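Visitor: Shown below is the structure under consideration.
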Amino acid sequence: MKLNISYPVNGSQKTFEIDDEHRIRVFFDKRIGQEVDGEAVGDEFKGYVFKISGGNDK
RNA sequence: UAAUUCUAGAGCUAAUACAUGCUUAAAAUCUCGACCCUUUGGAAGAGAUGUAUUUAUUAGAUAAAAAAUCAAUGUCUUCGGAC
């Protein structure tokens with residue numbers, strides 16, 4: 001599953017690709033318009049606050 | 001996404017698009033009525049009046065002559081009020 005991630009202060013954006021299962025399910029059962037924490041998924045994402053704003057299925 | 005004039009997230013800037021919003025003659029006429037001190041009174045001041053919407057109520061005259069009359073008045077006053 002891809003991850004279209006964007007930073008709207010610098011204006012840059014970057015995609016990301018992750019493969020396992022257990023890091024994903026923090027996202028699960030969430031409507032869009034709320035936040036998560038990247039420490040649940042990423043050691044490179046310590047302290048990071050997100051928000052979910054769209055997707056596309058298979 | 002195998003795919004069709006399929007489309008998602010993030011970042012910019014316009015209008016005869018979208019949303020708001022000022023300017024201006026003088027006159028007249030109505031209602032309210034500070035006061036006034038009086039007869040038969042007259043008055044400051046105030047506000048109202050574009051067009052469009054809806055309802056109610058008036059004008060939108062007309063076939064041929066002259067008095068008596070109830071008063072009011074325009075007027076020469078003829079202080080009669082006839083006209």
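Identifiers in this document derive from the order of the structure tokens: chains are assigned A, B, ..., residues are numbered from 1 separately in each chain, and ligands are numbered from 1 in order of occurrence.
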If the cut-off is 8 Å, can you tell me the residues of chain A near chain B, counting only C-alpha atoms (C1' of nucleotides)? I'd like them as a list in words.
Guide: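 Here is what falls inside 8 Å: residues 4, 6, 7, 8, 11, 13, 53, 54, 55, 56 and 58 of chain A.
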Visitor: Which residues come within 12 Å of residue B:83, counting only C-alpha atoms (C1' of nucleotides), excluding same-chain residues fewer than 5 positions away, as a list in words?
Guide: residues 73, 74, 75, 76, 77 and 78 of chain B
Visitor: Next, the residues of the selection above should be written as a PDB file, in the first residue's frame with N, CA, C and O atoms (P, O5', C5', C4', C3', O3' and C1' of nucleotides).
Guide:
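As a result, selection.pdb now contains:
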```
ATOM      1  P     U B  73     -68.806  82.267   6.485  1.00  0.00           P
ATOM      2  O5'   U B  73     -67.345  82.687   6.009  1.00  0.00           O
ATOM      3  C5'   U B  73     -67.145  83.370   4.779  1.00  0.00           C
ATOM      4  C4'   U B  73     -66.846  82.410   3.659  1.00  0.00           C
ATOM      5  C3'   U B  73     -66.570  83.025   2.298  1.00  0.00           C
ATOM      6  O3'   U B  73     -65.239  83.493   2.170  1.00  0.00           O
ATOM      7  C1'   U B  73     -68.079  81.214   2.066  1.00  0.00           C
ATOM      8  P     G B  74     -64.913  84.749   1.224  1.00  0.00           P
ATOM      9  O5'   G B  74     -63.449  84.450   0.672  1.00  0.00           O
ATOM     10  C5'   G B  74     -63.180  83.271  -0.072  1.00  0.00           C
ATOM     11  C4'   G B  74     -62.991  83.567  -1.542  1.00  0.00           C
ATOM     12  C3'   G B  74     -63.139  85.022  -1.960  1.00  0.00           C
ATOM     13  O3'   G B  74     -61.945  85.752  -1.747  1.00  0.00           O
ATOM     14  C1'   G B  74     -64.264  83.583  -3.502  1.00  0.00           C
ATOM     15  P     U B  75     -61.947  87.114  -0.896  1.00  0.00           P
ATOM     16  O5'   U B  75     -61.680  88.237  -1.991  1.00  0.00           O
ATOM     17  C5'   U B  75     -62.442  89.431  -2.010  1.00  0.00           C
ATOM     18  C4'   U B  75     -63.311  89.505  -3.238  1.00  0.00           C
ATOM     19  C3'   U B  75     -64.396  90.570  -3.211  1.00  0.00           C
ATOM     20  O3'   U B  75     -63.918  91.847  -3.581  1.00  0.00           O
ATOM     21  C1'   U B  75     -65.322  88.501  -3.918  1.00  0.00           C
ATOM     22  P     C B  76     -63.625  92.956  -2.457  1.00  0.00           P
ATOM     23  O5'   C B  76     -63.533  94.309  -3.288  1.00  0.00           O
ATOM     24  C5'   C B  76     -64.066  94.392  -4.600  1.00  0.00           C
ATOM     25  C4'   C B  76     -65.219  95.358  -4.665  1.00  0.00           C
ATOM     26  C3'   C B  76     -65.604  96.023  -3.355  1.00  0.00           C
ATOM     27  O3'   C B  76     -64.762  97.095  -2.970  1.00  0.00           O
ATOM     28  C1'   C B  76     -67.551  95.243  -4.437  1.00  0.00           C
ATOM     29  P     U B  77     -64.325  97.269  -1.428  1.00  0.00           P
ATOM     30  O5'   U B  77     -65.699  97.303  -0.621  1.00  0.00           O
ATOM     31  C5'   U B  77     -66.074  96.232   0.242  1.00  0.00           C
ATOM     32  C4'   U B  77     -67.536  95.901   0.088  1.00  0.00           C
ATOM     33  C3'   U B  77     -68.460  96.558   1.107  1.00  0.00           C
ATOM     34  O3'   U B  77     -69.713  96.842   0.487  1.00  0.00           O
ATOM     35  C1'   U B  77     -68.655  94.211   1.266  1.00  0.00           C
ATOM     36  P     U B  78     -69.848  98.080  -0.530  1.00  0.00           P
ATOM     37  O5'   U B  78     -71.380  98.503  -0.436  1.00  0.00           O
ATOM     38  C5'   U B  78     -71.968  98.860   0.809  1.00  0.00           C
ATOM     39  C4'   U B  78     -73.149  97.979   1.143  1.00  0.00           C
ATOM     40  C3'   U B  78     -72.798  96.620   1.743  1.00  0.00           C
ATOM     41  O3'   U B  78     -73.809  96.246   2.676  1.00  0.00           O
ATOM     42  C1'   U B  78     -74.006  96.305  -0.257  1.00  0.00           C
TER      43        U B  78
END
```
Visitor: Identify all residues of chain A in helix (DSSP H, G or I) (DSSP on the backbone) and supply them as a PyMOL selection string.
Guide: chain A and resi 38-40+43-45
Visitor: Can you write just those residues out, N, CA and C atoms, as an mmCIF file, in the first residue's frame?
Guide:
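File written: part.cif
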```cif
data_model
loop_
_atom_site.group_PDB
_atom_site.id
_atom_site.type_symbol
_atom_site.label_atom_id
_atom_site.label_comp_id
_atom_site.auth_asym_id
_atom_site.auth_seq_id
_atom_site.Cartn_x
_atom_site.Cartn_y
_atom_site.Cartn_z
ATOM 1 N N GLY A 38 2.650 8.858 14.173
ATOM 2 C CA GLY A 38 3.568 8.072 13.374
ATOM 3 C C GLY A 38 4.443 7.126 14.159
ATOM 4 N N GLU A 39 4.466 7.252 15.484
ATOM 5 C CA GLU A 39 5.251 6.329 16.289
ATOM 6 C C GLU A 39 4.641 4.943 16.270
ATOM 7 N N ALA A 40 3.337 4.863 16.014
ATOM 8 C CA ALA A 40 2.694 3.576 15.837
ATOM 9 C C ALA A 40 3.175 2.861 14.586
ATOM 10 N N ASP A 43 9.671 4.468 13.153
ATOM 11 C CA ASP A 43 10.769 4.971 13.962
ATOM 12 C C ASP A 43 11.289 6.281 13.405
ATOM 13 N N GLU A 44 11.202 6.442 12.098
ATOM 14 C CA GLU A 44 11.430 7.711 11.441
ATOM 15 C C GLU A 44 10.265 8.668 11.603
ATOM 16 N N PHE A 45 9.176 8.243 12.230
ATOM 17 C CA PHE A 45 8.004 9.083 12.397
ATOM 18 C C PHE A 45 7.708 9.350 13.863
#
```
Visitor: Give the answer as one residue: which of A:17, A:52, A:35, A:24 has the shortest atom-to-atom distance to residue A:1, using only C-alpha atoms?
Guide: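 Of the candidates, the smallest distance to residue A:1 is held by A:17.
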Visitor: Give me the residues near residue A:23 as a count of residues only, where near means some atom within 6 Å (using only C-alpha atoms (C1' of nucleotides)) and where sequence neighbours in that chain fewer than 2 positions away do not count.
Guide: 3
